[PDB]
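One protein chain, two forms: both are listed below as structure tokens, the first as structure 1 and the second as structure 2.
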Structure 1
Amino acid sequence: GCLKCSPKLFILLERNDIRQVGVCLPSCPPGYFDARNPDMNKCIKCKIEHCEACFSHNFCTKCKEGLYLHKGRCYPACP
């Protein structure tokens, strides 16, 4: 797909085929965060299990419905 985005947007990498396809985005889909870089801004999966929106890879801002957010992590019950 597209290899370099407009200077502000984010590249999302997909392997829906058996080829690697990029797509340019203003934000990033759920489960991903906007990783800003000097070279290339990209969408990167959050590393927190069941996180829908995140600040960084290890800090969630929105957990899956039914879960409890505490200090950037998702819990099945309030800690």
Structure 2
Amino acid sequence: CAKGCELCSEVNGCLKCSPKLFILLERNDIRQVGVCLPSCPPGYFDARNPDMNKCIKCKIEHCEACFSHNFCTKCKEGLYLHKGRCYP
């Protein structure tokens, strides 16, 4: 498929990277394209699993982790997590 890509599509590029790499999915002109990166861009949480690592957009203030796009699942110490956002 490509460097570090274990599963790819002729249309959507990489869909599953090697376990050591992070998949970044970004939509281009009504199409989705996947890239395998050694780490995630700014504002993305580096979600890690035994079989798969993924960059999840996590532009939530005071947030430490997002399981799904822009929805916080763990706030910084001292903050209260409520419906994907963190509160003083």
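Note that the rigid core is defined as the largest set of C-alphas that superpose within 1.5 Å between two forms. Quick note, the numbers are simply positions in structure 1, starting from 1.
- In this overlay on the rigid core, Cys28 has a C-alpha that sits less than 2 Å away from its partner position between structure 1 and structure 2.
- Here the chain acts as two rigid units, and between structure 1 and structure 2 the smaller unit rotates by 95°.
- Overlaying the rigid core between structure 1 and structure 2 leaves the Cα of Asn58 displaced by 8.9 angstrom.
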